[PDB]
Amino acid sequence: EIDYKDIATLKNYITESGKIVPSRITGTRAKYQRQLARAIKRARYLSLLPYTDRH
Amino acid sequence: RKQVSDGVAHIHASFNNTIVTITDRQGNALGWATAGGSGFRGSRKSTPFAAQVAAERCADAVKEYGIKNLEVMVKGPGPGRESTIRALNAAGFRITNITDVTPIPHXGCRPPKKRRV
Amino acid sequence: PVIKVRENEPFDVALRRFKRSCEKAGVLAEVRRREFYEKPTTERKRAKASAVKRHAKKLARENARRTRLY
Amino acid sequence: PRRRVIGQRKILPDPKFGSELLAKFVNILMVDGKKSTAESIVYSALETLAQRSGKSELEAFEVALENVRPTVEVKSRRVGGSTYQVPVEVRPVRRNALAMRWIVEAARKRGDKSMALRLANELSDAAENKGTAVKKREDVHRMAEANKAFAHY
RNA sequence: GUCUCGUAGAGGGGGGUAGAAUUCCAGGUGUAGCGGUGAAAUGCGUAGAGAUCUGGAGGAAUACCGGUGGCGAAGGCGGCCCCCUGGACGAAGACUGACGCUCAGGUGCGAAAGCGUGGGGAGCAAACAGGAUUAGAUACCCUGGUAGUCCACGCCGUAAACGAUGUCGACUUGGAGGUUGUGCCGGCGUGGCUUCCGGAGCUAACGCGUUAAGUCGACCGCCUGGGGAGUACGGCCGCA
RNA sequence: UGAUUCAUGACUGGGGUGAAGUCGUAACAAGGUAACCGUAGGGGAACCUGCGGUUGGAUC
Ligand SMILES: [K+]
Ligand SMILES: [K+]
Ligand SMILES: [K+]
Ligand SMILES: [K+]
Ligand SMILES: [K+]
Ligand SMILES: [K+]
Ligand SMILES: [K+]
Ligand SMILES: [K+]
Ligand SMILES: [K+]
Ligand SMILES: [K+]
Ligand SMILES: [K+]
Ligand SMILES: [K+]
Ligand SMILES: [K+]
Ligand SMILES: [K+]
Ligand SMILES: [K+]
Ligand SMILES: [K+]
Ligand SMILES: [Mg+2]
Ligand SMILES: [Mg+2]
Ligand SMILES: [Mg+2]
Ligand SMILES: [Mg+2]
Ligand SMILES: [Mg+2]
Ligand SMILES: [Mg+2]
Ligand SMILES: [Mg+2]
Ligand SMILES: [Mg+2]
Ligand SMILES: [Mg+2]
Ligand SMILES: [Mg+2]
Ligand SMILES: [Mg+2]
Ligand SMILES: [Mg+2]
Ligand SMILES: [Mg+2]
Ligand SMILES: [Mg+2]
Ligand SMILES: [Mg+2]
Ligand SMILES: [Mg+2]
Ligand SMILES: [Mg+2]
Ligand SMILES: [Mg+2]
Ligand SMILES: [Mg+2]
């Protein structure tokens, strides 16, 4: 299960600018792509990850 | 009249015009030039060439400041995104950093209605 | 898109890189799409059309590797 | 043409000097197929020009050409919306064809006595960047200058 | 139909919060243009704009993820977090014992616009004004801009409210996918929902084709040449 | 004193038919601003504009 705290893994699924990478490019399953997006959005709110790269 | 050597070039590249503003590192403007004020109106003003002429004139307006190094911030989709940077390097400045700062709303306000031409 | 020109990197090489990082960010396509408002019925109509085109073209490609022209 | 099947035609060199370059200039000057009448006019103007300077008939002719040959011109280009006068590079052959045509046209407009004298005064001013023809080359370079922004259409 | 265990979900109602952007306000730097178009002009600017930096105010919408993806009776539903809450599906069993299907009248829900009262108002923008275009231009284009769009409560009850396809059940060759369960040893099964193609059959043809427009049963709604007309008059409903 | 029904009435509302005069050119092709639906406002007229919706849109 994906953890919003597990920042090291989450960084694999965001671009250099901070955007979530499409599942068609990373080859992620749909059910887990939805968990990644939720986790990434929680991490952004806690300032563990950036919203946009111009931070 | 104070030397700076380390400035920032801001390129405002809209579909109709190009504005080039050179500031120091704290946002204080030192000089500016625009494609529209460099002798081009109408369809000529919105070209990459007119943007290049504006980049040169801006480089001249700040030659007293002794600027040596430049970061470049590009903003907008206009045709003067690249010819202004090419001309800033040909002007003698050392282009240290290039960045896109085009604003993107994360939704934001409703845009104007589509044109029926 | 934050291209830091590294030492000894010629300017043209940095210029082509910044261009690459822009196109890979889709900033230009995103700005052009936000210039005017698109009605939700229009957005849905053109999302469906692009999927019908992606599909019906692949289905004809399969029928073009199993046929001779001469 | 659409099919692009147009090669090149050989032109005989002029009698007195054996220069194909000069023989074309006689052709541009000729009217009604009266070539000998044009050969005489060119030869007379060329001698007045040869004694008005220190150079031979040819070297004085080339110096006249070098000051009238255009390097860039404008051509129209109708694209999605309107038409822009795009500046285009003039190919080396068209440079000579335009230079000769403007000289002959300028000389025909003067008010001296004979055409041999008119051509002589134009070929002489062309050596000093004066008169028409040279001015026509200036007007073309200006137009192509004011449209340099359109140098990619 | 009930119970047990679990699963996915923009299903609903209430509250909170985050970041991007627009506008406005203040200040710093800075100086002659900006903005707009096919080209212009109206408009804005030396009373210092536009550009750039800092701080503040406020409203609305939630980039990427995002998908012929998901959920919902339909209308519809999209940041994140909490609270209240509906449905669906699956695996093993246990339980009730035809408790079912459909439905005139009735009742409820029902996009957008619109209406009432009280709020709110950034952006957008009917009406309106000016600038253009034009033979004219009550338009298309440009610069502005008010209702309205937003919130609470009430009304209205209509849409190409569409799959132009009523609901329920049974039966009848195939192929490739999506999505979500579950059994077994990536491999083999077995459920739910869903996209495209196509067989028989059907169809005026186009096409439909196990999610039927095929083969049947139950019940309901509806049609009967075009125009007049979904109009008049009357009734009921509505503040209009 | 009501109801209902028939006749009639200055004037007025739209409708049909004929005929073609005047004004434009809304639709059919991407019909030259894709068309149409509901609604609202505006306009000599066909109509135009806003908001949501449909494909019964050409091009790509
Ligand atoms: K729930
Ligand atoms: K009923
Ligand atoms: K506006
Ligand atoms: K006209
Ligand atoms: K308003
Ligand atoms: K209504
Ligand atoms: K539909
Ligand atoms: K399945
Ligand atoms: K399975
Ligand atoms: K029914
Ligand atoms: K009212
Ligand atoms: K009566
Ligand atoms: K129309
Ligand atoms: K049409
Ligand atoms: K309408
Ligand atoms: K009128
Ligand atoms: Mg606009
Ligand atoms: Mg509403
Ligand atoms: Mg009203
Ligand atoms: Mg109201
Ligand atoms: Mg109100
Ligand atoms: Mg407007
Ligand atoms: Mg109806
Ligand atoms: Mg609908
Ligand atoms: Mg639909
Ligand atoms: Mg119907
Ligand atoms: Mg089929
Ligand atoms: Mg049928
Ligand atoms: Mg009625
Ligand atoms: Mg009512
Ligand atoms: Mg028309
Ligand atoms: Mg039309
Ligand atoms: Mg109606
Ligand atoms: Mg109007
Ligand atoms: Mg309009």
Side-chain angles (χ1 to χ4, degrees), chain A residues 4 13-15 17-26 28-47 49-55, chain B residues 7-12 14-38 41-46 54 58 61-62 73 75-76 101-117, chain C residues 25-27 30-31 33-34 36-37 39-59 62-63, chain D residues 79-84:
Chain A
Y4 72 84
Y13 304 95
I14 73 161
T15 68
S17 58
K19 307 221 289 209
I20 301 164
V21 187
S23 106
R24 86 179 128 71
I25 276 172
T26 69
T28 316
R29 292 210 19 218
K31 166 188 191 156
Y32 297 115
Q33 178 72 22
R34 296 196 298 280
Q35 291 168 351
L36 278 173
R38 272 176 223 123
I40 289 176
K41 282 157 188 177
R42 295 156 127 137
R44 284 164 169 176
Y45 165 81
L46 289 168
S47 219
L49 283 177
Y51 278 96
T52 68
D53 66 349
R54 193 160 50 265
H55 36 257
Chain B
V8 168
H10 302 268
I11 317 291
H12 190 84
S14 74
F15 284 125
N16 290 327
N17 204 1
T18 316
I19 300 176
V20 178
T21 315
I22 291 168
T23 70
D24 53 51
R25 307 206 30 119
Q26 294 69 234
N28 315 81
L30 318 168
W32 61 266
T34 75
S38 306
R41 307 299 310 169
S43 38
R44 291 185 196 77
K45 153 170 89 140
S46 55
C58 198
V62 308
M73 318 295 258
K75 173 183 299 187
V101 295
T102 303
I104 301 300
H106 290 354
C109 303
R110 178 183 181 119
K113 74 185 170 162
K114 195 152 319 279
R115 305 176 71 230
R116 298 188 297 278
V117 282
Chain C
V27 280
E30 185 75 34
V31 170
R33 228 191 45 248
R34 291 176 180 275
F36 307 98
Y37 178 69
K39 288 182 28 163
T41 186
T42 310
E43 171 262 312
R44 288 186 302 257
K45 176 165 64 103
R46 84 145 152 74
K48 177 94 175 321
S50 76
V52 164
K53 208 212 277 144
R54 286 209 300 284
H55 202 89
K57 153 214 64 54
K58 141 179 305 175
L59 275 208
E62 280 305 312
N63 296 343
Chain D
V79 301
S82 186
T83 325
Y84 311 95

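Keep in mind that the numbers below use all heavy atoms, side chains included, and drop hydrogens, waters and symmetry copies. Protein chains get the first letters and strands the later ones, always in sequence-line order, with residue 1 at the start of each.
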Under 4.0 Å between a side-chain N or O of B:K45 and OP1 or OP2 of E:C34?
no
Find the distance B:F15:CZ to E:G38:P and express it as a whole number of Å.
12 Å
Report yes if at least one side-chain N or O of A:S23 is closer than 4.0 Å to OP1 or OP2 of E:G66; otherwise report no.
yes
Give a yes or no on whether the neighbouring nucleotides E:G27 and E:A26 have stacked bases (ring centres less than 5.5 Å apart, plane angle less than 30°).
yes
Considering every strand and a 4.0 Å limit on heavy-atom distances, what is the contact class for B:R41: base, sugar-phosphate, or nothing?
base
Using a heavy-atom cut-off of under 4.0 Å over every strand shown, decide if B:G36 touches base, sugar-phosphate, or nothing.
sugar-phosphate
Should A:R42 be listed as having a side-chain N or O under 4.0 Å from OP1 or OP2 of E:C81?
yes
With a non-hydrogen cut-off below 4.0 angstrom, is A:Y13 in contact with a base, only sugar-phosphate, or nothing?
nothing
Say you pick atom P in E:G38 and the same atom in E:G157; how far apart are they, in whole Å?
45 Å
Just the rounded figure in Å: distance from P of F:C51 to CZ of B:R110.
5 Å
Across every strand shown, the nucleotide meeting Watson-Crick or G-U wobble geometry with E:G93 (both distances under 3.5 Å) is E:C3
B:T21-B:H12 side chain donor-acceptor pair, cut-off 3.5 Å
no
Taking N and O atoms by type only, does the side chain of A:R44 place a donor or acceptor under 3.5 Å from a partner on the base of E:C64?
yes
Counting only distance, no hydrogens or angles, is the base of E:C124 paired donor-acceptor with the side chain of B:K113 under 3.5 Å?
no
Kindly state whether the pair B:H106 / E:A63 counts as stacked, where counting means centroids closer than 5.5 Å and planes tilted less than 30° apart.
yes
Sugar-phosphate, base or nothing in reach of D:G81, heavy atoms under 4.0 Å
nothing
Would you indicate what B:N17 reaches in the nucleic acid, counting non-hydrogen atoms under 4.0 angstrom: base, sugar-phosphate, or nothing?
sugar-phosphate
Could you check whether C:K39 gets within reach of a base, just the sugar-phosphate, or nothing at all, counting any heavy atom under 4.0 Å?
base
Quick one: do E:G97 and E:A98 stack, meaning six-ring centroids under 5.5 Å and planes under 30°?
no
